[PDB]
Amino acid sequence: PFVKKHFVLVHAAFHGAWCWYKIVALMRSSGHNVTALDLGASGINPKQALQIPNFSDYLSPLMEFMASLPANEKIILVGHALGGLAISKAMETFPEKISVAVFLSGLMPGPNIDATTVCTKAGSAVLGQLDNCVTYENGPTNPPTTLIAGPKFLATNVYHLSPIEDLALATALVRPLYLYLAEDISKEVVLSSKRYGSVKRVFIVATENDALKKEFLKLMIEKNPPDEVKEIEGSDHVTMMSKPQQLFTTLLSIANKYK
Amino acid sequence: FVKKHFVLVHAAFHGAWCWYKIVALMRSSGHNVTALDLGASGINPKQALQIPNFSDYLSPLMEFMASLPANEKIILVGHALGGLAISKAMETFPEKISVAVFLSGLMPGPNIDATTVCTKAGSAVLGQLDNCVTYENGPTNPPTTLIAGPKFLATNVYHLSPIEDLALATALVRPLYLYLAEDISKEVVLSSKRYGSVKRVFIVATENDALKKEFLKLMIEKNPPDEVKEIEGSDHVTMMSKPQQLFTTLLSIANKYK
Ligand SMILES: CCCCCCCCCC(=O)O
Ligand SMILES: CCCCCCCCCC(=O)O
């Protein structure tokens, strides 16, 4: 009783559609439709970070994709980490086009724990970490403009349990992230219980995530309870790299449950 | 154990990312490796329409080569179209290169022009399957860029590679500006005293394509390298289909021409 589904994958900071390559392959081989998107200035998106200081422009690729979805079509929307904010806005805007939303170690703000709160905590876990650095394209009087992930940070905090070739891949592809302002994010991502909250939600925890500590993740799960919490043991931050098969099986299960 | 420095240059539509398996093997083995993105390739910031001159496309490699102190020799590896890039680097900084390696690369020489090799190579890409061209300069002008299609990648390029690598490529390949023959001919000028002074190895890595192999054989005949090596079971992207084999071959070459 095969039922073709449409998975939409949204990456985390510094990454792009490319990070989902193992999952995309498994999905396509299964006969499912899968769309891996590059958010603004990510992957091979043409914009450069400094060219998109407005958060709406970082999210535009997903919003535009959602708006173009055929009528009556439902998707399984998956967001990894920072990608959680993107799918959250998609849920609030197009709740009817989403069968179920999946937050993979994702920022999952809610009415009782808004985006600014989540982003501030998220920032503290990345800014200043190991060899990560910021730039000041607008001068020292202004806030730092972009954040650049360093190879040591990637090796230790993100890809510690992934094949070494995936770390090499990431080092050749990660791009800078514009340090979006708190006020800008708070105005772009506003969630309501009747829209955002009406979409089925599942959170997937990576048990060995050294990028985002469990306390923070548990905080979001507690202050904004999802319909279900799944766990993938032995996974580092990039579950799609370290535990691809398990993630795939888990996504299929989720898709069949909320179809 | 002597530490070596490998510099890897990709083919059309690709970028530094395509060498990820090789980069990992080299780094874990203790060697230094630099995989470069040519213009408008991988995460290079330029877009194809911004680099209409072949010199613009080669810029990343030439800037890198210029930054190398003469005593820091490298093993320069070029894949397919990347052969033209390393050829230019060989003519400009011949002494900084211990040995140049052409992996199924376009290897023009005095007896076989760069435009000649480009036209031939392009025949197997232009108009193939779902590949397409754009006309950013209007319909009354030659096409401006070439875009590799998914079916073309699956059937002609990644046909012997893991399916996940095909997925990776589909999410990363970028358009190639259709450089003019006149431009290429002016940019890639080689001399026996400079280009010809660099040790050169050609790696034949093709399968199921007699014509492609005939083309590689033609270049080897018209521009004889110092040595020719083979890698079997490889599709267009040897670094994806036969990584361990390519890695060991590059190390063998490096240890020989040191
Ligand atoms: C809006 C800027 C906030 C900083 C980004 C911190 C999130 C790191 C998580 C990730 O996406 O892998
Ligand atoms: C740069 C001049 C345009 C050449 C035509 C395209 C050939 C691509 C060859 C390759 O890497 O397989």
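- Per the PDB record, the structure was determined using X-ray crystallography to 1.7000 Å resolution.

### Section: the overall build of chain A
Thinking step 1. Across its full length, chain A holds 10 helices and 9 strands.
Thinking step 2. The C-alpha radius of gyration of chain A comes to 17 Å, within 12% of the 18 Å expected for a compact globule of 259 residues.
Thinking step 3. Its C-alpha atoms give chain A principal-axis dimensions of about 60 × 40 × 35 Å.
Thinking step 4. A total of 259 residues make up chain A; the buried ones form 58% of that total.
Thinking step 5. Taken as a whole, chain A presents about 10600 Å² of accessible surface, with 52% of it coming from carbon and sulfur.
Thinking step 6. Taking the average location of the 24 positive side-chain charges in chain A and that of its 23 negative ones, the two points are 6 Å from each other.

### Remarks on a negative patch on the surface
Residue and element names in this part refer to chain A.
Thinking step 1. On the surface, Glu208, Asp210, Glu231 and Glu233 cluster together to form a negatively charged patch.
Thinking step 2. Position of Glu231 relative to the elements: it lies in strand 9 (residues 228-232).
Thinking step 3. Overall, the relative accessible area of 53% leaves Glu231 in the exposed class.

### Description of the UniProt feature "domain: AB hydrolase-1" (unreviewed entry) in chain A
Thinking step 1. According to UniProt, the positions carrying the feature "domain: AB hydrolase-1" (unreviewed entry) are residues 7-247 of chain A.
Thinking step 2. Between the first and last C-alpha atoms of residues 7-247 of chain A the distance is 13 Å; the span itself is 37% helix and 17% strand.

### Topic: the interface of chain B and chain A
Thinking step 1. Opposite the 22 residues of chain B that make contact, chain A presents 22 residues.
Thinking step 2. Roughly 1700 Å² of surface becomes buried between chain B and chain A when both sides are summed, with 74% attributable to carbon and sulfur atoms.
Thinking step 3. Connecting chain B to chain A are 0 salt bridges.
Thinking step 4. Of all the secondary structure elements, the ones that give two or more residues to the side of chain B that touches chain A are helix 1 (20-28) and helix 6 (163-170) of chain B.
Thinking step 5. Of the residues belonging to the side of chain B that touches chain A, the class tally is 13 nonpolar, 4 polar and 5 charged.

### Considering the site of ligand 1
All names here are of chain A.
Thinking step 1. The environment of ligand 1 is made up of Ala12, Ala13, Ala81, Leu82, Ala122, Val126, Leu177, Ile185 and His237.
Thinking step 2. Within the contact set of ligand 1, an oxygen atom lies 3.1 Å away from a backbone nitrogen or oxygen of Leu82.
Thinking step 3. Within the side chain of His237, one N or O atom sits 2.9 Å away from an oxygen atom of ligand 1.
Thinking step 4. If ligand 1 stood free it would expose 390 Å²; the protein chains cover 94% of that surface.
Thinking step 5. Cavity membership is defined here by more than half of the atoms lying within 2 Å of grid points; on that basis ligand 1 lies in the second largest pocket.
Thinking step 6. Residue composition of the shell around ligand 1, grouped by class: 8 nonpolar, 1 polar and no charged.

### Quick notes on the packing of aromatic side chains
Thinking step 1. Applying the stated criterion across every chain, the model contains 9 aromatic pairs over all chains.
Thinking step 2. Both rings, one in A:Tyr178 and one in A:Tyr180, keep their centres 5.2 Å apart while their planes meet at 45 degrees; by these two values the pair is tilted. Note on accessibility: A:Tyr178 and A:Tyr180 belong to one class, buried.
Thinking step 3. Where B:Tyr57 meets B:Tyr179, the ring centres are 5.7 Å apart and the plane angle is 40 degrees; that geometry is what we call tilted. With B:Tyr57 in helix 2 (residues 54-66) and B:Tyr179 in the loop between strand 7 (176-177) and helix 7 (181-187), this pair connects stretches of sequence that are 122 residues apart. Of the two residues examined, B:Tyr57 and B:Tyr179, each falls in the buried class.
Thinking step 4. Through pairs of rings, three or more aromatic residues link up here, namely A:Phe55, A:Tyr58, A:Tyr178 and A:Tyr180.
Thinking step 5. The ring of A:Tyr258 is capped by A:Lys257, whose NZ or CZ atom sits 5.4 Å from the centre of that ring.

### What to know about the pattern of salt bridges
Thinking step 1. Counting across every chain of the model gives 8 salt bridges over all chains.
Thinking step 2. Among the salt bridges present, the one from A:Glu188 reaches A:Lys89, with a minimum N-O distance of 3.4 Å. Taken as a pair, A:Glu188 in helix 7 (residues 182-188) and A:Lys89 in helix 3 (residues 83-93) lie far apart in primary sequence, 99 residues in all.
Thinking step 3. You can call A:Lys89 buried: its relative accessible area is 17%.
Thinking step 4. Salt-bridge contacts for B:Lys222 lead to B:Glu221; the nearest nitrogen and oxygen are separated by 3.9 Å.
Thinking step 5. Taking relative accessible area as the criterion, B:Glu221 reaches 55% and is therefore assigned exposed.
Thinking step 6. Here the residues in one salt-bridge network are B:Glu227, B:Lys229 and B:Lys256, joined through shared partners.

### Notes on the layout of surface pockets
All names here are of chain A.
Thinking step 1. One number sums up the size of the second largest pocket: a volume of about 640 Å³.
Thinking step 2. As for the second largest pocket, its lining consists of 32 residues, and the residues nearest its centre are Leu82, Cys119, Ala122, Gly123 and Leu177.
Thinking step 3. In terms of residue count, the dominant contributor to the lining of the second largest pocket is helix 4 (residues 115-126) (6 residues).

Rules behind the numbers
- Residues numbered from 1 in each chain as written, not as in the entry; some residues may be left out.
- Chains lettered and ligands numbered in written order.
- Heavy atoms only, no water.
- Helix = DSSP H or I, 4+ residues; strand = E, 2+ residues; numbered from the N terminus.
- Rg over C-alpha atoms; globule rule 2.2 N^0.38 Å.
- Buried < 20%, exposed > 50% of the residue type's maximum accessible area, 1.4 Å probe, protein only.
- Areas by Shrake-Rupley, 256 points an atom, 1.4 Å probe, with all protein chains shown as cover.
- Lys, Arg positive; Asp, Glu negative; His and termini not counted.
- Charge placed at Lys NZ, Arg CZ, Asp CG, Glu CD.
- Patch = residues over 30% accessible without salt bridge, like charges linked within 9 Å, V, L, I, M, F, W, Y side chains within 5 Å.
- Salt bridge = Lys/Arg side-chain N within 4 Å of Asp/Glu carboxyl O.
- UniProt positions renumbered as here; feature names shortened; annotations may be inferred.
- Contact = heavy atoms within 4.5 Å.
- Buried area = accessible area lost by both parts, 1.4 Å probe.
- Nonpolar A, V, L, I, M, F, W, Y, C, P; charged D, E, K, R; others polar.
- Near = heavy atom within 4 Å.
- Polar contact = N/O pair within 3.5 Å; in protein donor to acceptor, adjacent residues only side chain to side chain.
- 1 Å grid on protein atoms, 1.4 Å probe; cavity = no way out; pocket = protein on both sides within 12 Å on 5 of 7 lines; lining within 4 Å.
- Sits in = over half its atoms within 2 Å of the grid points.
- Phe/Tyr/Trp six-rings, centres within 6.5 Å; stacked < 30°, edge-to-face > 60°.
- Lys NZ or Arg CZ within 6 Å of the ring centre and 35° of its normal.
- Points joined across faces, edges and corners; volume = space filled by probe spheres on them.

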